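Okay, so here's the structure we're looking at.
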Amino acid sequence: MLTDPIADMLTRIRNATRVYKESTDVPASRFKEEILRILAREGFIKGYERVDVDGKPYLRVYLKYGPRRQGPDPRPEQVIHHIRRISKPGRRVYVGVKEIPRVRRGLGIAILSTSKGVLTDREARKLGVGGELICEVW
Amino acid sequence: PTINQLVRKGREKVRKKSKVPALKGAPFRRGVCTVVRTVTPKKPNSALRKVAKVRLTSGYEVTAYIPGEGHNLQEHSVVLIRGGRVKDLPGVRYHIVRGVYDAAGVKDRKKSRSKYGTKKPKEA
Amino acid sequence: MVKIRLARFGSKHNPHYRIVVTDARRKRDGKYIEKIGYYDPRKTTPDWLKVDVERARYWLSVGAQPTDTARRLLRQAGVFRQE
Amino acid sequence: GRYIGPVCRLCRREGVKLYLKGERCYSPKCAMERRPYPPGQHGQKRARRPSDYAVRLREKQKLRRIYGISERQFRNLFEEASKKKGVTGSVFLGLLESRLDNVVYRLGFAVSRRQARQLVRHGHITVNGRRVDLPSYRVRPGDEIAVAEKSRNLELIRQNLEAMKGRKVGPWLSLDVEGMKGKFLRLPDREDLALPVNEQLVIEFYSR
Amino acid sequence: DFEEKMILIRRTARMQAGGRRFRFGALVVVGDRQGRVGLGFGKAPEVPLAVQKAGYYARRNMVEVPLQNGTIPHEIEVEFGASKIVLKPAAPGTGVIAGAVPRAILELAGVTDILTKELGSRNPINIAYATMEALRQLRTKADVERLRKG
Amino acid sequence: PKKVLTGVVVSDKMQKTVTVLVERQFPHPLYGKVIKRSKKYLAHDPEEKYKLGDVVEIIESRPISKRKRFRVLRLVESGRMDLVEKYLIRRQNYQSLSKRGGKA
RNA sequence: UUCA
RNA sequence: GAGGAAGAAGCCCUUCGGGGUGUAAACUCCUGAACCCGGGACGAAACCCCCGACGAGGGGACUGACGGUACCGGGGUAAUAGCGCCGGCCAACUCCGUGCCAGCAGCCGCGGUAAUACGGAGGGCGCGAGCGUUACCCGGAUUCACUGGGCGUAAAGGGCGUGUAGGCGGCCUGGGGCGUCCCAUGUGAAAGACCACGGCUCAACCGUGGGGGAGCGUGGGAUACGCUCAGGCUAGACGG
RNA sequence: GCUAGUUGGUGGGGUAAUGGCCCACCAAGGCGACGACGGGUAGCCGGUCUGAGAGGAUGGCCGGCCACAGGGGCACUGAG
Ligand SMILES: [K+]
Ligand SMILES: [K+]
Ligand SMILES: [K+]
Ligand SMILES: [K+]
Ligand SMILES: [K+]
Ligand SMILES: [K+]
Ligand SMILES: [Mg+2]
Ligand SMILES: [Mg+2]
Ligand SMILES: [Mg+2]
Ligand SMILES: [Mg+2]
Ligand SMILES: [Mg+2]
Ligand SMILES: [Mg+2]
Ligand SMILES: [Mg+2]
Ligand SMILES: [Mg+2]
Ligand SMILES: [Mg+2]
Ligand SMILES: [Mg+2]
Ligand SMILES: [Mg+2]
Ligand SMILES: [Mg+2]
Ligand SMILES: [Mg+2]
Ligand SMILES: [Mg+2]
Ligand SMILES: [Mg+2]
Ligand SMILES: [Mg+2]
Ligand SMILES: [Mg+2]
Ligand SMILES: [Mg+2]
Ligand SMILES: [Mg+2]
Ligand SMILES: [Mg+2]
Ligand SMILES: [Mg+2]
Ligand SMILES: [Mg+2]
Ligand SMILES: [Mg+2]
Ligand SMILES: [Mg+2]
Ligand SMILES: [Mg+2]
Ligand SMILES: [Mg+2]
Ligand SMILES: [Mg+2]
Ligand SMILES: [Mg+2]
Ligand SMILES: [Mg+2]
Ligand SMILES: [Mg+2]
Ligand SMILES: [Mg+2]
Ligand SMILES: [Mg+2]
Ligand SMILES: [Mg+2]
Ligand SMILES: [Mg+2]
Ligand SMILES: [Mg+2]
Ligand SMILES: [Mg+2]
Ligand SMILES: [Mg+2]
Ligand SMILES: [Mg+2]
Ligand SMILES: [Mg+2]
Ligand SMILES: [Mg+2]
Ligand SMILES: [Mg+2]
Ligand SMILES: [Mg+2]
Ligand SMILES: [Mg+2]
Ligand SMILES: [Mg+2]
Ligand SMILES: [Mg+2]
Ligand SMILES: [Mg+2]
Ligand SMILES: [Mg+2]
Ligand SMILES: [Mg+2]
Ligand SMILES: [Mg+2]
Ligand SMILES: [Mg+2]
Ligand SMILES: [Mg+2]
Ligand SMILES: [Mg+2]
Ligand SMILES: [Mg+2]
Ligand SMILES: [Mg+2]
Ligand SMILES: [Mg+2]
Ligand SMILES: [Mg+2]
Ligand SMILES: [Mg+2]
Ligand SMILES: [Mg+2]
Ligand SMILES: [Mg+2]
Ligand SMILES: [Mg+2]
Ligand SMILES: [Zn+2]
């Protein structure tokens, strides 16, 4: 089985950026797609788009990076320095609105799945709701 | 361990074993000397440490150390045990309180007198 | 029969009472049903006696029986006045 | 009991001038004059690099020896300050500067903080009119710190208050040499103070 | 300008035919308390020379700490070897709550209010190194902003 | 409000009494994961109306017998031994948790 | 032979 | 308490010139804990009695164990200081006596004739009506790791399968809302804890007021995710 | 692995009152790895101590509830 599709996606993103890929595919799913929008909107990823790799529906995620760098190891600083799955199958994590975390004093973001749709920790706070704490990104 | 396993078995709170079974953990315990031997310490020390077998009121018979320059403990000498290990004397986990009961304080001592039970001497 | 009496609070030689509604059978400084005032027999502050007549009037209306002293404090705080 | 013993010896250990005496700690002789090395048989030997702990401890012993308070008392104040809202450092000094016995000194009714303590205990001092003999009494802003009428004519009160005539006082206070009164206007800021102490190091000493 | 604090000096030993030959190592932190710090670990046959090199290596190992009112702009956990160091932003009046090694780095960097914790291996060397890395990874809203704009 | 529970009938072997199995779901106090717990309540069936596989609502009632403080309120959905199965099989395992075995 |  | 010597005596250390104890003492001058003499409480205003209606109101009288205590005024003597520690951790060093002895020791370790580690002394460091010791709890100890650990060689992968319970579970729709989330609302005794004012000359100790939340009950709402029911799909799986 | 008043039913008895609380008689049931049963220990709580927190440890005094009165058993009198 795959067990945790969302985690699989975060990891493909993590693994790809670590070797500086142009883009990367991830078996497509509505829910996953909602996550991506947040990433795009937040400027963590250039953007994404649906694709039909060999008949099946995927999602090209276009990764972002900093500028080339000085000295040895000119590799660019990452835009997505961290992407961690919080809630997981067999150990779900839910939070009330007053329990929503503040990733890196605001520099980061937390992605919650609320009954008002998928939102960022700020969005959720604004709409005054809580939900499943999907993951954190910074 | 998986969270499931944790839900299944959980963690085990770690207990602590006492270093001084002078029952009730009581700060001190009363006893009567059975023997008042001498003992040789382990490497790399050498000397004749002073020891005593005490028959505690707790129902125990333990070996108590007798600190100080010299002492006055015979057999039926009743005394108070306090518990303090003696590093080079394996087996000795208690000290005898000097200044209580038949155990005389250490005579002539002028410095750490609280220990060794030695009243303050006046001058002129 | 329920009472409107004084419960002791304060310190030694420093009494401070609470006008209270409690069951007659309960300890003096025990669990009371309701607090409805306070008393500083030494009058250490300009405010050494408050009562809340509205509530005290309620308990009396339902059988509350005030102690002689509880009664005097209550009176002094216009509880029984009717003019 | 608050210390009571050779004092111009504590100055020497701290390697800094502690005006515990006052009148003599001014006229070239507080020992810190031609003998600024710590007391003892080894006092003149080179010292070794003090350990961080050592440095925090000495600094704390310095600040605390200034107000001549006990560790017990001193500590409680620090704690009260750690709780209180706001920088738990300046506040701490503020609290110390509010001790009656200290204010009595800052207004010059007494020459030293030691001499100022006795003046309070012996009841020669008054806050807002009432007598107060509690050195540790905390003076709040607005309070008036005078001298007992029955004391205004004391050999010592005259002499000290005399010499105060013409001299200026702490920005946060205000003397009235004539009537021997004074007012604690406001808690002094660290800026108002100016003692040889590095408050932070004291906070650090109590974090260990 | 640059203030120097010595973290630790140690006498190491190598073995030779007939007897053991010694050498010293010294860790030195340098900073302006204005946002610049540098670490240096110098080694030489004598303590003084050791500290000399220490200082030297340090000045060429400077880091730009983004102070924001005496504190850090956000928490960072950095692992160096088996040593892990945690740095948390604190408000004014907190001071620098940290162990001797990370404290020195931090103060000389001009940090005045910070919360920290040493986890795992407390090797001064590796902790000293974990700290520098932590400071080095610190980012600012601005920086995040440029990373995500484009 | 009298508590109303919902469970499956896993025993109609008592004269006017059905055993209802009620399942609870909730976050584990320390580890968080949502664990599942459950209990069997003996309810009142005067009419011997309800039967195995029956999913019912049980309501807090005035004592009827020792350890029988519930009356059956209504039927939610009839027949469905898939539930009584899990229950029955589970109890079967117990035969193989003693001194002997029970295959697999 | 033991302790450095 | 203020003053008080380029700094008695004694004791300690000395290169022997001198250095310590040390403004410490002595003394000079101030202030007066204890004491002595006066005054002397609040806590107690009801029950009751008279008027009026045995009401509301209004008068009146009795009653203090603590206590002659608290406090107030007058007079008024310089008037207890101990205990632990000084190798590193850990603030604080010298002389002598001891000779792996006598002994110290929380851990690391000290003593075998030049011991800052033993015993004494001088000096020093901490606290100070206390200091120390023993015992027990939490801490540091992410050293049972939920936050927050691990298992190739450090303690740790079951000798290998099969498979029961259980845990977990791909892509779309739609019901239901059990988990979850949101709003109301009941409950959440008093003390205590936090904050703000107050009362004992301070404080300790007290009062008075204020704020607070999890949990659970009830009503109403949301449906992304997990759950459940119903359709569907073919990338997982199995089969030809 | 435990169970015979054991689990349930009818009727009764008893009580302020429900109830195998007790009794007749009928049914074979009831509980258990989501541990029953057995053993060890222990009054529970508001709260206390510690801890950054999560936790850990705890009930002395004070307030709430429970239990007991040399050890067992039992009713009587009463609103209790
Ligand atoms: K790493
Ligand atoms: K069985
Ligand atoms: K009247
Ligand atoms: K010595
Ligand atoms: K511990
Ligand atoms: K508890
Ligand atoms: Mg990541
Ligand atoms: Mg919740
Ligand atoms: Mg013992
Ligand atoms: Mg031997
Ligand atoms: Mg030896
Ligand atoms: Mg010990
Ligand atoms: Mg030994
Ligand atoms: Mg009555
Ligand atoms: Mg009663
Ligand atoms: Mg009662
Ligand atoms: Mg503060
Ligand atoms: Mg060295
Ligand atoms: Mg930068
Ligand atoms: Mg490396
Ligand atoms: Mg590691
Ligand atoms: Mg370790
Ligand atoms: Mg029945
Ligand atoms: Mg019905
Ligand atoms: Mg041989
Ligand atoms: Mg040896
Ligand atoms: Mg003097
Ligand atoms: Mg009176
Ligand atoms: Mg009449
Ligand atoms: Mg009349
Ligand atoms: Mg009247
Ligand atoms: Mg009377
Ligand atoms: Mg007088
Ligand atoms: Mg030292
Ligand atoms: Mg000793
Ligand atoms: Mg005291
Ligand atoms: Mg722990
Ligand atoms: Mg352990
Ligand atoms: Mg873990
Ligand atoms: Mg480990
Ligand atoms: Mg191994
Ligand atoms: Mg294997
Ligand atoms: Mg093996
Ligand atoms: Mg299998
Ligand atoms: Mg299965
Ligand atoms: Mg699914
Ligand atoms: Mg719901
Ligand atoms: Mg609520
Ligand atoms: Mg409460
Ligand atoms: Mg006050
Ligand atoms: Mg309150
Ligand atoms: Mg389907
Ligand atoms: Mg009946
Ligand atoms: Mg009946
Ligand atoms: Mg029965
Ligand atoms: Mg019956
Ligand atoms: Mg169960
Ligand atoms: Mg018991
Ligand atoms: Mg902690
Ligand atoms: Mg912890
Ligand atoms: Mg408990
Ligand atoms: Mg009994
Ligand atoms: Mg008895
Ligand atoms: Mg009897
Ligand atoms: Mg009995
Ligand atoms: Mg009666
Ligand atoms: Zn001075």
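We name chains A, B, ... following the order of the structure tokens; residues begin at 1 in each chain, and ligands are numbered from 1 as shown.
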
Item checked: ligand 38 neighbours within 12 Å using only C-alpha atoms (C1' of nucleotides) and all ligand atoms, as number ranges by chain -> B: 12-17; H: 141, 143-144

Residues just named, written with C-alpha atoms (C1' of nucleotides) as a PDB file, in the first residue's frame:
ATOM      1  CA  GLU B  12       7.448   1.724  32.477  1.00  0.00           C
ATOM      2  CA  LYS B  13       8.011   4.149  35.361  1.00  0.00           C
ATOM      3  CA  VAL B  14      11.464   3.427  36.767  1.00  0.00           C
ATOM      4  CA  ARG B  15      11.632   2.660  40.508  1.00  0.00           C
ATOM      5  CA  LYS B  16      14.555   3.535  42.773  1.00  0.00           C
ATOM      6  CA  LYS B  17      16.160   1.104  45.212  1.00  0.00           C
TER       7      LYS B  17
ATOM      8  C1'   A H 141      17.802  12.823  33.709  1.00  0.00           C
ATOM      9  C1'   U H 143      18.434   8.230  31.641  1.00  0.00           C
ATOM     10  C1'   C H 144      10.801   4.820  29.810  1.00  0.00           C
TER      11        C H 144
END

task: Select residues of chain F: the criterion is any atom within 12 Å of an atom of chain H, counting only C-alpha atoms (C1' of nucleotides); output as a ChimeraX atom specification.
output: /F:1-3,5-6,23-36,77,86-97,101-104

With N, CA and C atoms retained, could you export that selection as a short mmCIF file (atom, residue, chain, number, x, y, z; two decimals), in the first residue's frame?
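Written output follows (part14.cif):
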data_model
loop_
_atom_site.label_atom_id
_atom_site.label_comp_id
_atom_site.auth_asym_id
_atom_site.auth_seq_id
_atom_site.Cartn_x
_atom_site.Cartn_y
_atom_site.Cartn_z
N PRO F 1 -30.39 14.53 31.66
CA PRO F 1 -30.95 13.70 30.56
C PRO F 1 -30.51 12.27 30.69
N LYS F 2 -31.45 11.35 30.64
CA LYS F 2 -31.09 9.94 30.71
C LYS F 2 -30.16 9.66 29.53
N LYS F 3 -29.04 9.00 29.81
CA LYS F 3 -28.08 8.66 28.78
C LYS F 3 -28.74 7.73 27.78
N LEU F 5 -27.64 5.23 24.63
CA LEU F 5 -26.49 4.68 23.92
C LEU F 5 -26.95 3.89 22.71
N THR F 6 -26.00 3.52 21.85
CA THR F 6 -26.32 2.75 20.65
C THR F 6 -25.36 1.59 20.50
N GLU F 23 -19.87 0.75 21.44
CA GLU F 23 -18.52 1.16 21.12
C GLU F 23 -18.28 2.66 21.27
N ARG F 24 -17.20 3.00 21.96
CA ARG F 24 -16.78 4.38 22.22
C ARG F 24 -15.52 4.68 21.40
N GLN F 25 -15.33 5.94 21.00
CA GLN F 25 -14.15 6.31 20.22
C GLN F 25 -13.57 7.61 20.80
N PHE F 26 -12.26 7.66 20.99
CA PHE F 26 -11.70 8.87 21.58
C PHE F 26 -10.20 8.93 21.66
N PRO F 27 -9.67 10.16 21.69
CA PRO F 27 -8.23 10.42 21.78
C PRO F 27 -7.67 9.79 23.03
N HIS F 28 -6.50 9.19 22.89
CA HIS F 28 -5.86 8.59 24.04
C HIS F 28 -5.27 9.75 24.87
N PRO F 29 -5.56 9.76 26.18
CA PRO F 29 -5.06 10.81 27.07
C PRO F 29 -3.61 11.22 26.90
N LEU F 30 -2.67 10.28 26.73
CA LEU F 30 -1.28 10.71 26.58
C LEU F 30 -0.73 10.59 25.17
N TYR F 31 -1.06 9.51 24.48
CA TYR F 31 -0.50 9.31 23.15
C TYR F 31 -1.26 9.88 21.96
N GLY F 32 -2.45 10.40 22.20
CA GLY F 32 -3.22 11.02 21.13
C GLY F 32 -3.98 10.17 20.13
N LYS F 33 -3.35 9.16 19.54
CA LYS F 33 -4.05 8.35 18.55
C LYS F 33 -5.45 8.04 19.04
N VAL F 34 -6.40 8.00 18.11
CA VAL F 34 -7.78 7.71 18.47
C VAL F 34 -7.96 6.20 18.67
N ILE F 35 -8.15 5.81 19.93
CA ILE F 35 -8.35 4.41 20.27
C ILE F 35 -9.84 4.12 20.37
N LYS F 36 -10.19 2.84 20.33
CA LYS F 36 -11.58 2.42 20.37
C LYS F 36 -11.85 1.52 21.58
N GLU F 77 -31.18 -0.27 12.90
CA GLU F 77 -31.07 -1.06 11.69
C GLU F 77 -31.07 -2.51 12.12
N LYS F 86 -17.45 -10.35 14.66
CA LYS F 86 -16.23 -9.82 15.26
C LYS F 86 -16.25 -10.16 16.73
N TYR F 87 -17.38 -9.85 17.36
CA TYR F 87 -17.55 -10.10 18.78
C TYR F 87 -17.36 -11.58 19.11
N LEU F 88 -18.11 -12.43 18.42
CA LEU F 88 -18.06 -13.87 18.65
C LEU F 88 -16.69 -14.50 18.39
N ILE F 89 -16.06 -14.09 17.29
CA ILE F 89 -14.74 -14.61 16.96
C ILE F 89 -13.77 -14.20 18.06
N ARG F 90 -13.77 -12.91 18.38
CA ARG F 90 -12.90 -12.38 19.43
C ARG F 90 -12.96 -13.25 20.68
N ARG F 91 -14.18 -13.52 21.15
CA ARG F 91 -14.37 -14.36 22.34
C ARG F 91 -13.79 -15.76 22.12
N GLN F 92 -13.80 -16.21 20.87
CA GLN F 92 -13.28 -17.53 20.53
C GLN F 92 -11.76 -17.59 20.75
N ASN F 93 -11.06 -16.53 20.37
CA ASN F 93 -9.61 -16.46 20.53
C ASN F 93 -9.18 -16.83 21.95
N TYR F 94 -9.96 -16.37 22.92
CA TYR F 94 -9.69 -16.60 24.34
C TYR F 94 -9.41 -18.06 24.65
N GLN F 95 -9.99 -18.96 23.85
CA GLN F 95 -9.80 -20.38 24.05
C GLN F 95 -8.33 -20.73 23.80
N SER F 96 -7.68 -19.94 22.95
CA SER F 96 -6.28 -20.17 22.62
C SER F 96 -5.30 -19.22 23.31
N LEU F 97 -5.68 -18.70 24.47
CA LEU F 97 -4.81 -17.78 25.20
C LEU F 97 -4.52 -18.34 26.60
N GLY F 101 -3.89 -24.33 22.40
CA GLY F 101 -3.91 -23.47 21.23
C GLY F 101 -5.25 -23.44 20.51
N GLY F 102 -5.33 -22.68 19.43
CA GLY F 102 -6.58 -22.59 18.68
C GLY F 102 -6.40 -22.33 17.20
N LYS F 103 -5.32 -22.87 16.63
CA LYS F 103 -5.01 -22.71 15.20
C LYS F 103 -5.14 -21.28 14.70
N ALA F 104 -5.20 -21.13 13.38
CA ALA F 104 -5.33 -19.82 12.75
C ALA F 104 -5.64 -20.00 11.26
#

Check which residues fall inside 7 Å of ligand 24 when counting only C-alpha atoms (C1' of nucleotides) and all ligand atoms, and print them as a PyMOL selection string.
-> chain F and resi 71-73

Restricting the output to N, CA and C atoms, write the selected residues as a PDB file, in the first residue's frame.
ATOM      1  N   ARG F  71     -33.261   0.172  29.191  1.00  0.00           N
ATOM      2  CA  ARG F  71     -34.380  -0.360  28.440  1.00  0.00           C
ATOM      3  C   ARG F  71     -34.082  -0.070  26.966  1.00  0.00           C
ATOM      4  N   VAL F  72     -34.483  -0.977  26.078  1.00  0.00           N
ATOM      5  CA  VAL F  72     -34.250  -0.775  24.655  1.00  0.00           C
ATOM      6  C   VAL F  72     -35.186   0.320  24.164  1.00  0.00           C
ATOM      7  N   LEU F  73     -34.637   1.351  23.529  1.00  0.00           N
ATOM      8  CA  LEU F  73     -35.457   2.458  23.046  1.00  0.00           C
ATOM      9  C   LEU F  73     -36.050   2.231  21.661  1.00  0.00           C
TER      10      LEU F  73
END

Name the residues, by chain letter and number, that sit within 12 Å of ligand 10 using only C-alpha atoms (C1' of nucleotides) and all ligand atoms, and give them as a PyMOL selection string. (chain B and resi 38-49+88-90) or (chain G and resi 2) or (chain H and resi 100)

Any chance you can output those residues with C-alpha atoms (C1' of nucleotides) as a PDB file, in the first residue's frame?
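Written out: selection.pdb:
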ATOM      1  CA  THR B  38      38.929  -3.450  62.521  1.00  0.00           C
ATOM      2  CA  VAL B  39      38.999  -3.646  58.718  1.00  0.00           C
ATOM      3  CA  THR B  40      41.413  -3.274  55.829  1.00  0.00           C
ATOM      4  CA  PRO B  41      40.234  -1.122  52.856  1.00  0.00           C
ATOM      5  CA  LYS B  42      40.459  -1.988  49.198  1.00  0.00           C
ATOM      6  CA  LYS B  43      43.025  -0.807  46.649  1.00  0.00           C
ATOM      7  CA  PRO B  44      44.705   1.484  46.643  1.00  0.00           C
ATOM      8  CA  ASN B  45      44.223   2.137  50.323  1.00  0.00           C
ATOM      9  CA  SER B  46      45.697   0.549  53.413  1.00  0.00           C
ATOM     10  CA  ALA B  47      44.804   1.083  57.073  1.00  0.00           C
ATOM     11  CA  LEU B  48      42.751  -0.217  59.971  1.00  0.00           C
ATOM     12  CA  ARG B  49      39.322   1.333  59.531  1.00  0.00           C
ATOM     13  CA  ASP B  88      36.849   1.838  50.568  1.00  0.00           C
ATOM     14  CA  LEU B  89      34.998  -0.500  52.867  1.00  0.00           C
ATOM     15  CA  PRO B  90      32.676  -2.474  50.657  1.00  0.00           C
TER      16      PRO B  90
ATOM     17  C1'   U G   2      51.705  -4.619  45.840  1.00  0.00           C
TER      18        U G   2
ATOM     19  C1'   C H 100      49.544   3.980  53.085  1.00  0.00           C
TER      20        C H 100
END

Please give me, as a PDB file with N, CA and C atoms (P, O5', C5', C4', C3', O3' and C1' of nucleotides), in the first residue's frame, the residues lying within 8 Å of ligand 27 when counting only C-alpha atoms (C1' of nucleotides) and all ligand atoms.
ATOM      1  P     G H   1      27.791  49.173  64.036  1.00  0.00           P
ATOM      2  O5'   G H   1      27.366  50.703  63.975  1.00  0.00           O
ATOM      3  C5'   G H   1      26.157  51.104  63.314  1.00  0.00           C
ATOM      4  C4'   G H   1      25.958  52.583  63.479  1.00  0.00           C
ATOM      5  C3'   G H   1      27.187  53.406  63.142  1.00  0.00           C
ATOM      6  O3'   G H   1      27.281  53.670  61.751  1.00  0.00           O
ATOM      7  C1'   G H   1      26.355  54.061  65.255  1.00  0.00           C
ATOM      8  P     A H   2      28.720  53.625  61.041  1.00  0.00           P
ATOM      9  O5'   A H   2      29.358  55.030  61.443  1.00  0.00           O
ATOM     10  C5'   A H   2      28.797  56.271  60.949  1.00  0.00           C
ATOM     11  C4'   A H   2      29.481  57.462  61.588  1.00  0.00           C
ATOM     12  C3'   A H   2      31.004  57.448  61.612  1.00  0.00           C
ATOM     13  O3'   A H   2      31.606  57.904  60.413  1.00  0.00           O
ATOM     14  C1'   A H   2      30.189  58.049  63.743  1.00  0.00           C
ATOM     15  P     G H   3      33.079  57.389  60.031  1.00  0.00           P
ATOM     16  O5'   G H   3      34.027  57.972  61.180  1.00  0.00           O
ATOM     17  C5'   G H   3      34.254  59.399  61.316  1.00  0.00           C
ATOM     18  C4'   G H   3      35.081  59.712  62.558  1.00  0.00           C
ATOM     19  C3'   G H   3      36.515  59.200  62.633  1.00  0.00           C
ATOM     20  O3'   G H   3      37.444  60.050  61.966  1.00  0.00           O
ATOM     21  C1'   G H   3      35.426  58.814  64.703  1.00  0.00           C
ATOM     22  P     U H  23      41.926  47.313  57.580  1.00  0.00           P
ATOM     23  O5'   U H  23      41.403  48.140  58.840  1.00  0.00           O
ATOM     24  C5'   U H  23      40.545  49.284  58.682  1.00  0.00           C
ATOM     25  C4'   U H  23      39.604  49.398  59.864  1.00  0.00           C
ATOM     26  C3'   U H  23      38.556  50.512  59.770  1.00  0.00           C
ATOM     27  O3'   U H  23      37.314  50.074  60.334  1.00  0.00           O
ATOM     28  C1'   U H  23      39.725  50.691  61.791  1.00  0.00           C
TER      29        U H  23
END

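Near chain B, the residues of chain H that fall inside 9 Å (using only C-alpha atoms (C1' of nucleotides)) are residues 83, 84, 100, 101, 102, 103, 105, 119, 120, 132, 133, 134, 135, 136, 144, 150 and 167 of chain H.
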
* To do: Enumerate, as an MDAnalysis selection string, the complete set of residues in chain E that a backbone-based DSSP assignment places in strand (DSSP E or B).
  => chainID E and resid 3:15 20:31 36:44 62:64 76:80 83:89 96:97 114:120

Please check which protein, DNA or RNA residues sit within 12 Å of ligand 31, counting only C-alpha atoms (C1' of nucleotides) and all ligand atoms, and write them as a PyMOL selection string. (chain C and resi 68-69+71-76+78+80-81) or (chain H and resi 45-49+51-52+55-60)

Please identify the residues whose atoms come within 8 Å of ligand 66, using only C-alpha atoms (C1' of nucleotides) and all ligand atoms, and report them as a PDB file with N, CA and C atoms (P, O5', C5', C4', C3', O3' and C1' of nucleotides), in the first residue's frame.
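Wrote it out as selection_26.pdb, contents follow:
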ATOM      1  P     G I  78     -40.328   4.462  68.135  1.00  0.00           P
ATOM      2  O5'   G I  78     -39.728   5.925  68.271  1.00  0.00           O
ATOM      3  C5'   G I  78     -39.821   6.855  67.200  1.00  0.00           C
ATOM      4  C4'   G I  78     -38.590   7.716  67.162  1.00  0.00           C
ATOM      5  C3'   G I  78     -38.410   8.419  65.836  1.00  0.00           C
ATOM      6  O3'   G I  78     -39.103   9.639  65.857  1.00  0.00           O
ATOM      7  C1'   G I  78     -36.463   7.212  66.331  1.00  0.00           C
ATOM      8  P     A I  79     -40.286   9.884  64.815  1.00  0.00           P
ATOM      9  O5'   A I  79     -39.492  10.141  63.453  1.00  0.00           O
ATOM     10  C5'   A I  79     -40.154  10.097  62.171  1.00  0.00           C
ATOM     11  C4'   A I  79     -39.234  10.603  61.088  1.00  0.00           C
ATOM     12  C3'   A I  79     -37.889   9.913  61.021  1.00  0.00           C
ATOM     13  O3'   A I  79     -37.964   8.725  60.270  1.00  0.00           O
ATOM     14  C1'   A I  79     -37.581  12.252  60.893  1.00  0.00           C
ATOM     15  P     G I  80     -37.142   7.444  60.758  1.00  0.00           P
ATOM     16  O5'   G I  80     -35.614   7.877  60.572  1.00  0.00           O
ATOM     17  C5'   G I  80     -35.083   8.237  59.269  1.00  0.00           C
ATOM     18  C4'   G I  80     -33.736   8.921  59.407  1.00  0.00           C
ATOM     19  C3'   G I  80     -32.662   8.127  60.127  1.00  0.00           C
ATOM     20  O3'   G I  80     -31.951   7.332  59.181  1.00  0.00           O
ATOM     21  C1'   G I  80     -32.763  10.361  60.977  1.00  0.00           C
TER      22        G I  80
END

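Among H:148, H:240, H:64, H:38, the residue with the shortest atom-to-atom distance to ligand 40, counting only C-alpha atoms (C1' of nucleotides) and all ligand atoms, is H:148.
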
| request: Name each residue within 12 Å of ligand 52, counting only C-alpha atoms (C1' of nucleotides) and all ligand atoms, as a ChimeraX atom specification. | output: /H:170-173,229-233

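Excluding residue 164 in chain D itself and any same-chain residue fewer than 2 positions from it, the protein and nucleic acid residues within 12 Å of it, counting only C-alpha atoms (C1' of nucleotides), are residues 105, 106, 107, 108, 109, 110, 111, 157, 158, 159, 160, 161, 162, 166, 167, 168, 169, 174, 175, 176, 177, 178 and 180 of chain D.
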
To check your reading of the model: which residues sit at most 10 Å from ligand 53 when counting only C-alpha atoms (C1' of nucleotides) and all ligand atoms? Write the answer as a list in words.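 If we count only C-alpha atoms (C1' of nucleotides) and all ligand atoms, the neighbours of ligand 53 turn out to be residues 64 and 65 of chain F; 11, 12, 13, 14, 18 and 19 of chain I.
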
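Atom pair CA of residue 197 in chain D / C1' of residue 128 in chain H: separated by 24.4 Å.
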
**Item:** Site check for ligand 57: residues at most 10 Å away, only C-alpha atoms (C1' of nucleotides) and all ligand atoms, as JSON, numbers by chain
**Value:** {"F": [21, 22, 23, 24, 36, 37, 38, 39, 40], "I": [32, 34, 35]}

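All residues of chain B that DSSP, run on the backbone, classes as alpha helix (DSSP H) are residues 3, 4, 5, 6, 7, 8 and 9 of chain B.
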
- Task: Residues within 12 Å of ligand 67 should be enumerated using only C-alpha atoms (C1' of nucleotides) and all ligand atoms and returned as a ChimeraX atom specification.
- Result: /D:6-33,35-36,65-66,112-114 /H:23

_At a cut-off of 9 Å, using only C-alpha atoms (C1' of nucleotides), what residues contact residue 24 in chain E? Leave out same-chain residues fewer than 2 positions from it and give the result as an MDAnalysis selection string._
chainID E and resid 9:13 22 26 42:47 49:50

Legend entry - Straight-line distance linking CA of residue 80 in chain D with CA of residue 68 in chain E, stated in Å to one decimal: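 A separation of 28.5 Å between them.
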